[PDB]
Structures are given as structure tokens and as C-alpha cells.
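Only one chain is included here, represented as C-alpha cells and corresponding to the form deposited in one PDB entry.
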């Protein structure tokens, strides 16, 4: 998959630098950002693990919205079952630190954009965070960046009928990164290999 260093460079290239808090493990505390846009890349696993799967969290103080973009679009129950990941505290702390009434909207993706054998989660994260830094009121859909890819219902993740779509999402993502990121451009072959649609099958 992707290392932290790679995602850090890519996010910087995509203009997310002023809002981007860093890459973290599942212990990311939540947002203390009552007056600023903020985002982070968060692993489902602890650092002691080496790392497992990447998600993006983002915070918009104007609408008081905390975004969760996880590329498979797993339900909260499924995030805990598959990756042992829970984020209830991070939401709680974000709300209490950053919302004047201690109320937020959690907006989370409910669809997969990524294929079941793909190791591109980190990179789909960067792409979402490009969307968020340019269109913070509408980063999930209906924006120039996310319009390039297509969500499929999470229940169909392993259906053979959606696989060409999930593959085409991946190619659009790499095309996107070729044009937006000097880092990806200069490591194109390595990153493509480490993250390929079929990666969990080698």
C-alpha cells in the first residue's frame, strides 16, 4: 500500500497543506479546530502494527461537519468487525473542542470506490482531501474531483458486475494523480505497483 511519507507528499502537492494535520494511527484524538478547516489521514490500526488501512477525516467549522471518507464505505459495525476500528471518541472530542453547541454533522461515505484486492486506499484518501480543500461544503460528490469516480453500493463490493467500475475508478485516480502531483509523477511506476488493483493477489 502507501507509506505515510508518500501520502504526506501527495497531500502537499494537491494543495491541502494549509489544512492538513498529518498522518496518524487509529489513536488520532479528533479535531481541536473551532475556527479553521482541518483534515487528516488516519490508519484503522495502531502504529505498533505497521499499519493496515487508510481513511480520511475532515473538518468544516462553518457547517460544523466532520467528514469520514473510508474507500470501501463500510458501515460503522463493519469498520469495527473488519478493521477493529471505532471513532466514537474522535467524534465526541471533535464536537466538544470545535462546535459552539457541542453538535456536529457526521457525513460519511456509504459506497466503495475501491476494489476488494486493491491497495490504493491511501491514494483514494488524497483525492478526497483534494476535493475537501477546494469544495469543503461538498467533498463527497458533485465536485470536479469526486465526479471522476463512481461509488458502488458497499453490499456489491465483491460482485463481479461492479469490478470493471471499481477498476476504472482506479485508473481515473492514477490519471488524476499524474496531472496534479509532482511526487506521484516521479514515483509513478513504484506507487502503481505497491497500490495496484490486484495487489492483494500477489
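Take the two forms, superpose them, and find the largest set of C-alpha atoms that agree within 1.5 Å; that set is the rigid core. Positions refer to the first chain, counted from 1.
Do the C-alpha atoms of 124 to 132 or of 99 to 107 have the higher average B factor in the entry? Taking the mean B-factor of the alpha carbons in each, 99 to 107 is higher.
Where do the C-alpha atoms have the higher mean temperature factor in this entry, in 26 to 34 or in 152 to 160? Between 26 to 34 and 152 to 160, it is 152 to 160.
Would the CA B-factor of residue 77 place it in the lowest, middle or highest third of its chain? Middle third, going by the recorded CA B-factors of the chain.
Thinking about Cα B factors across the chain, which third does residue 142 belong to? Middle third by C-alpha B-factor.
Among the chain's modelled residues, which third holds the C-alpha B-factor of residue 194? It falls in the top third of the chain.
In terms of the CA temperature factor given in the entry, to which third of its chain does residue 117 belong: lowest, middle or highest? Its C-alpha B-factor, which the entry lists for residue 117, ranks in the middle third among residues of this chain.
What third of the chain does residue 16 rank in for C-alpha temperature factor, lowest, middle or highest? For residue 16, whose C-alpha B-factor we compare with every modelled residue in the chain, the answer is the highest third.
The same protein has a further form, the form deposited in another entry, not shown here; the description that follows concerns it.
Return yes or no for residue 83: a CA shift of at least 2 Å between the shown form and the other one, with the rigid core superposed? Yes: residue 83 shifts by at least 2 Å between the shown form and the other one.
Core-superposed comparison between the shown form and the other one, residue 32 Cα displacement 2 Å or beyond: Yes, because once the rigid core is superposed, the C-alpha of residue 32 moves 2 Å or more between the shown form and the other one.
Distance change of 3 Å or more between the C-alpha atoms of residue 82 and residue 174 in the other form: closer or farther compared with this structure? Result: farther.
Hey, the CA atoms of residue 118 and residue 83 end up closer or farther in the other form than in the shown form, with the change being 3 Å or more? Compared with the form shown here, the C-alpha atoms of residue 118 and residue 83 sit farther apart in the other form, by 3 Å or more.
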